[PDB]
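The chain below stands alone and is given as structure tokens, in the form solved without the ligand.
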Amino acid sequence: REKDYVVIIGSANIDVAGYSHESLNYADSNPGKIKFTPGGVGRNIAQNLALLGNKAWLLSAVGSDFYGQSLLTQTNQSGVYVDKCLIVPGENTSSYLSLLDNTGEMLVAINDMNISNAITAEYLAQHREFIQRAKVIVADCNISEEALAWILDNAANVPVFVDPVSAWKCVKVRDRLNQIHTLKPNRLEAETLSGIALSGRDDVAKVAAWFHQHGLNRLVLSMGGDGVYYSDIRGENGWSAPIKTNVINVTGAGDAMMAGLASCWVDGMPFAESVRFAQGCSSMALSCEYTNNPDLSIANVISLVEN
């Protein structure tokens, strides 16, 4: 419907990748290739939702600098309503700086995302009504614990899909699983939240049971090569095997899978078929050079799912 919209609350970075032609010399500038790229879990998801054809609003933070503005403009071009983002007066627009090499092997990476704290409970309270009238809310764990707590406490029965981002950033949700509609952790993040070791496929049953005891409505557990384990507090659980994917750039896989899950839910699709669709979406970001695959569409993922 034409007034169904999805609200995404997370971070937006500029992803600076540079590699050296030939070999690192440390004797100043080594001529190579450098790429500026839009990124950040929240912003990445917002874009993938737009590409799947939802009206997606980004609630996020960028700096008063230029390039900050450029990130917003670029995202607008991809379909994302950026109208409501904070433009923080004179702060560094967040960015992830990595130093791949001629192999494509990430060597070392810096990470400057303190502007995430600008995304405050008081900033979000200014959009209470607008947030509470979305079909679904997607939140990443880059934002503060007070911000995420504000969201979960003011969702007004809108389902909140939560992206745990990393082992360190995910602990935020441990005490509020009973407010999260769908949580999408990988193996280490599920180990970190539950305190239960995830040695293999044999261990997911007890990890999921732990999650449901603590209130989690839905679990979507990525176990890498083992595929994806999904579990509903009402009883439905299963495994869905990974899609054979020609892996080009592993970044943006989880951002596509979150988008796929929220989009299918808004669409009316049942849980398991939603997990398979989202696996397809992720498979599409994976075989793309970029963090967000510009060909991600409903028609293109549906064809991937059968083939």
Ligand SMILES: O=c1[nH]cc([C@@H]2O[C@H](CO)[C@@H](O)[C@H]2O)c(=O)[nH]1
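The first residue of the sequence shown is number 1, and the count goes up from there.
Omitted from view is the form deposited with the ligand bound, to which the following refers.
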*Would residue 113 show up as a contact with the ligand in the bound PDB entry if we use heavy atoms at 4.5 Å?*
yes
*Applying a 4.5 Å heavy atom distance criterion, does residue 41 contact the ligand in the bound PDB entry?*
yes
*is_contact(residue 169, the ligand) in the bound PDB entry, heavy atom dist at most 4.5 Å*: yes
*asked:* Can you tell me whether residue 11 touches the ligand? I mean in the bound PDB entry, with a 4.5 angstroms heavy atom cut-off.
replied: yes
_All of 36, 65 and 93 with a heavy atom within 4.5 Å of the ligand in the bound PDB entry_ = no
*Taking 4.5 Å between heavy atoms as the contact cutoff, choose which of 223, 158, 165, 99 touches the ligand in the bound PDB entry.*
165
_Given a 4.5 Å cut-off on heavy atoms, tell me which of 215-223, 149-157, 105-113, 122-130 is the interface stretch with the ligand in the bound PDB entry._
105-113
*Judged by heavy atom distances of 4.5 Å or less, which residues of 136-157 approach the ligand in the bound PDB entry?*
142
